[PDB]
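Q: Protein chains in written order, with the authors' numbering: chain A, 156 to 219; chain B, 156 to 207; chain C, 105 to 155; chain D, 1 to 52; chain E, 26 to 155; chain F, 53 to 155.
Right, dumping it as structure tokens:
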């Protein structure tokens, strides 16, 4: 209950936490860098820009 | 996505670019020199003069 | 439920990342054909230019 | 205080190598669940004797 | 950061030793209390015997009981004095453990701050190489 | 490291909120001693949180400099490439001059 150093439950939680924390932190940092880059930033805008013109075109296409 | 040094896609693009850039630059420079020479310059005029 | 929500968000992000990767590989295939054509022209031109 | 200085350097190098191999999430998780269940049974037996 | 890592492992084992030491002090206080409790119980029993002796009319038995009670009281007084001295020492030990708990958390925070400056220094070195 | 401190800080805040609820529950219960103990725990938690916050601020300044250095380095590598072209041309010119001397 106290949680001895040698206890299996206490040791397992600490080991699991260290592995989980490192993996999560590394992935997020790498992901942020990709997001930070300018190429990713206007690509989303381009996609957003592309769909609206297509939608207008689509309406014209579906009109007849 | 980030483009690691060891990644195959990043390495391939860099290697391809270096080979392509060198070949293109060398050919253009050599071509310019041939164009620069006087013999080539009036030859075109001669052809133009000859056809009319 | 709390664990599921956090996990689901991560999964969604991974799916989005895969789509971006798919766009990139397709572009690379097109590039190889273009690169080869450029290389061939340069090689032929260089030999001709020297002569 | 040479011993103390020596101990700190020796301990740090030794600890780092050991922890990396030791820190695997899948291996650690499997061992922990089995151990706690076994411990509970032992505890119950002791409790049963007291109850008896 | 390596020094900090070495220190973190070292501090944890030390805390366990301190807890064992604290338990012994706690046990000692309990042991004295048990002895003190036994003495009080014995004294109460002795008082009843003395009261019984008075009813019996045997003066000598009562006198002997009183002497025993006095000796018991002296022992109890000594035990009480020991407990008070022990308690002050015990409180300090308990306080130290509480202080240590605050300190280990602070050390973890310190490690993050220490790591960042060192990383920055390394980054500066890279610029010099360029 | 900044994220780790933030996670710890977040956990402390969550723990403090939970502790506050327990203290509120204790007041309803009428047990004064339990509430007092909770307050002491909260104070200790607050001190830890304060230490974490202080560490984060110091870390952030260091982190910003590191980020700034990377940005500066990116500008610098591009400049170096430009420098190489300029450096190459003068060296080539010097070599050409040497050839003239030989003639």
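All C-beta atoms in this analysis are idealised placements derived from N, C-alpha and C, irrespective of residue type, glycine included.
Do the CB positions of residue 71 of chain E and residue 90 of chain E come within less than 7 Å of each other?
A: Taking the fifth chain and counting its residues from 1, the one referred to as residue 71 of chain E is at position 46. Taking the fifth chain and counting its residues from 1, the one referred to as residue 90 of chain E is at position 65. Contact: yes.
Q: Between residue 32 of chain D and chain A, is there a C-beta pair that is closer than 7 Å?
A: On the fourth chain, residue 32 of chain D is found 32 positions in, with the first residue counted as 1. So, interface residue.
Q: Whole angstroms is fine: what's the gap from residue 153 of chain F's alpha carbon to residue 143 of chain F's?
A: One-based indexing of the sixth chain puts residue 153 of chain F at position 101. One-based indexing of the sixth chain puts residue 143 of chain F at position 91. Straight-line Cα distance between these residues: approximately 16 Å.
Q: Which residues in chain B have a C-beta closer than 8 Å to the C-beta of residue 125 of chain C? List them in chain order.
A: Here the question's residue 125 of chain C lines up with position 21 in the third chain. Going along chain B in sequence order, the residues near residue 125 of chain C (Cβ under 8 Å) are 156.
Q: Using DSSP with H/G/I as helix, E/B as strand and the rest coil, what is residue 218 of chain A?
A: Reading the first chain from its first residue, position 63 is the one you call residue 218 of chain A. DSSP places residue 218 of chain A in coil when its eight states are reduced to three.
Q: Enumerate in chain order the residues of its own chain whose CB-to-CB distance from residue 29 of chain E is below 6 Å, with the five nearest sequence positions on each side excluded.
A: As a first step, residue 29 of chain E is located in the fifth chain; it is residue number 4 there, counting from the start. So the list reads 136, once near-sequence residues are dropped.
Q: Specify, as a first and last residue, the run of the alpha helix (DSSP H) that residue 161 of chain A falls within.
A: As a working note, residue 161 of chain A is residue 6 in the first chain. Where residue 161 of chain A is concerned, there is no enclosing alpha helix (DSSP H), given that its DSSP letter is neither H nor E.
Q: Measure from the alpha carbon of residue 27 of chain D to the alpha carbon of each residue in A/163, A/157, A/184, A/218, then state which is nearest.
A: To locate residue 27 of chain D, count along the fourth chain from 1; it is residue 27. Answer by Cα proximity: A/163.
Q: Can a CB atom of chain A be found closer than 7 Å to the CB of residue 23 of chain D?
A: Within the fourth chain, residue 23 of chain D is the residue found at index 23, counting from 1. Residue 23 of chain D counts as touching chain A.
Q: Along chain B, which residues have their Cβ under 7 Å away from the Cβ of residue 153 of chain C?
A: In the third chain, the residue the question calls residue 153 of chain C occupies position 49. Result: 182, 185, 186, 189.
Q: Is the region 58-66 of chain E touching the region 119-139 of chain E, taking contact as three or more C-beta pairs under 8 Å?
A: No, because fewer than three Cβ pairs between the region 58-66 of chain E and the region 119-139 of chain E fall closer than 8 Å, the two stretches do not touch.
Q: Give the range of the alpha helix (DSSP H) segment to which residue 154 of chain E is assigned.
A: Working through the fifth chain from its first residue, we reach residue 154 of chain E at position 129. 84-154 is the extent of the alpha helix (DSSP H) around residue 154 of chain E.
Q: Between residue 188 of chain B and residue 175 of chain B, what straight-line distance do the alpha-carbon atoms span, to the nearest angstrom?
A: Translated into positions along the second chain, residue 188 of chain B becomes position 33. Translated into positions along the second chain, residue 175 of chain B becomes position 20. Between residue 188 of chain B and residue 175 of chain B, the C-alpha separation is close to 20 Å.
Q: Identify the contact partners of residue 29 of chain D in chain A, using a Cβ-Cβ distance below 8 Å as the criterion.
A: Counting from one through the fourth chain, the residue named residue 29 of chain D turns up at place 29. Within chain A, the residues near residue 29 of chain D are 167, 171.
Q: Taking the C-alpha atoms as reference points, what is the distance between residue 21 of chain D and residue 80 of chain F?
A: Translated into the one-based positions of the fourth chain, residue 21 of chain D becomes position 21. Translated into the one-based positions of the sixth chain, residue 80 of chain F becomes position 28. Near 51 Å, if we compare the C-alpha coordinates of residue 80 of chain F and residue 21 of chain D.
Q: Taking 7 Å as the threshold (C-beta atoms), are residue 139 of chain C and residue 177 of chain B in contact?
A: Sequence index remark: in the second chain, residue 177 of chain B carries index 22 (1-based). Sequence index remark: in the third chain, residue 139 of chain C carries index 35 (1-based). No, the pair does not count as a contact, with Cβ atoms beyond the cut-off.
Q: With the cut-off set at 7 Å, would you say residue 159 of chain E and residue 47 of chain E are in Cβ contact?
A: In the structure as shown, chain E begins at 26 and stops at 155. Residue 159 of chain E is therefore absent and cannot be evaluated.
Q: Between residue 114 of chain C and residue 87 of chain F, what straight-line distance do the alpha-carbon atoms span, to the nearest angstrom?
A: Here residue 114 of chain C corresponds to residue number 10 of the third chain, with the count starting at 1. Here residue 87 of chain F corresponds to residue number 35 of the sixth chain, with the count starting at 1. Going by the C-alpha atoms only, they are around 40 Å apart.
Q: Any C-beta of chain B sitting closer than 7 Å to the C-beta of residue 120 of chain C?
A: If you number the third chain from 1, residue 120 of chain C lands on position 16. Taking Cβ atoms only, chain B never reaches closer than 7 Å to residue 120 of chain C, which makes this a no.
Q: Are the C-beta atoms of residue 38 of chain D and some chain A residue less than 7 Å apart?
A: For the purposes of this step, residue 38 of chain D is taken as the residue at position 38 of the fourth chain. No, its Cβ sits nowhere closer than 7 Å to a Cβ of chain A.
Q: Since residue 97 of chain E contacts residue 67 of chain E with CB under 8 Å, what's their CB separation in whole angstroms?
A: Here residue 97 of chain E is taken as the residue at index 72 of the fifth chain, counted from 1. Here residue 67 of chain E is taken as the residue at index 42 of the fifth chain, counted from 1. Contact flag correct, Cβ pair sits at about 6 Å.
Q: Taking all protein chains shown into account, do 16 or more other C-beta atoms lie within 10 angstroms of the C-beta of residue 101 of chain F, making it buried, or fewer, making it exposed?
A: In the sixth chain, the residue the question calls residue 101 of chain F occupies position 49. Result: buried.
Q: Between residue 147 of chain E and residue 160 of chain B, what straight-line distance do the alpha-carbon atoms span, to the nearest angstrom?
A: Working through the fifth chain from its first residue, we reach residue 147 of chain E at position 122. Working through the second chain from its first residue, we reach residue 160 of chain B at position 5. Roughly 21 Å separates the two Cα atoms.
Q: Considering only the beta carbon of each residue, do residue 55 of chain F and residue 204 of chain A sit closer than 7 Å?
A: For the purposes of this step, residue 55 of chain F is identified with residue 3 of the sixth chain, where counting begins at 1. For the purposes of this step, residue 204 of chain A is identified with residue 49 of the first chain, where counting begins at 1. Going by C-beta atoms, residue 55 of chain F is not nearer than 7 Å to residue 204 of chain A.
Q: So which residues on chain D does residue 221 of chain A lean against when the C-beta distance must stay under 9 Å?
A: An answer regarding residue 221 of chain A cannot be provided, because it is not within the stretch 156 to 219 covered by chain A.
Q: From what residue to what residue does the alpha helix (DSSP H) around residue 30 of chain D run?
A: To locate residue 30 of chain D, count along the fourth chain from 1; it is residue 30. First-last of the alpha helix (DSSP H) with residue 30 of chain D: 25-51.
Q: Looking at the structure shown, is residue 192 of chain A part of a helix, part of a strand, or coil, going by DSSP?
A: Indexing the first chain from 1 puts residue 192 of chain A at position 37. Reduced to three states, the DSSP call for residue 192 of chain A is coil.
Q: Alpha carbons only, please: which of A/183, A/166, A/198 is nearest the one belonging to residue 123 of chain C?
A: For the purposes of this step, residue 123 of chain C is taken as residue 19 along the third chain, with counting starting at 1. It is A/198.
Q: Does DSSP put residue 1 of chain D in a helix, in a strand, or in coil?
A: The count along the fourth chain starts at 1 and reaches residue 1 of chain D at position 1. Of the three classes helix, strand and coil, the one that applies to residue 1 of chain D here is coil, per DSSP.
Q: If you measure from the beta carbon of residue 163 of chain A to each beta carbon in chain D, is any gap under 7 Å?
A: Taking the first chain and counting its residues from 1, the one referred to as residue 163 of chain A is at position 8. By this cut-off, residue 163 of chain A is an interface position.
Q: Roughly how many angstroms lie between the CA atoms of residue 23 of chain D and residue 105 of chain C, to the nearest whole one?
A: Within the fourth chain, residue 23 of chain D is the residue found at index 23, counting from 1. Within the third chain, residue 105 of chain C is the residue found at index 1, counting from 1. Roughly 28 Å between the two C-alpha positions.
Q: Just verifying my parser: in three-state terms, what is the DSSP assignment at residue 63 of chain F?
A: The count along the sixth chain starts at 1 and reaches residue 63 of chain F at position 11. The answer is helix: DSSP assigns residue 63 of chain F an H, G or I state.
Q: Rounded to a whole number of angstroms, what is the C-alpha to C-alpha distance between residue 127 of chain E and residue 42 of chain D?
A: Taking the fifth chain and counting its residues from 1, the one referred to as residue 127 of chain E is at position 102. Taking the fourth chain and counting its residues from 1, the one referred to as residue 42 of chain D is at position 42. Distance between the alpha carbons of residue 127 of chain E and residue 42 of chain D is about 36 Å.
Q: So with CB distances below 8 Å, who are the chain E contacts of residue 15 of chain D?
A: Residue mapping note: residue 15 of chain D aligns to position 15 of the fourth chain, counting from 1. Result: 30, 31, 34.
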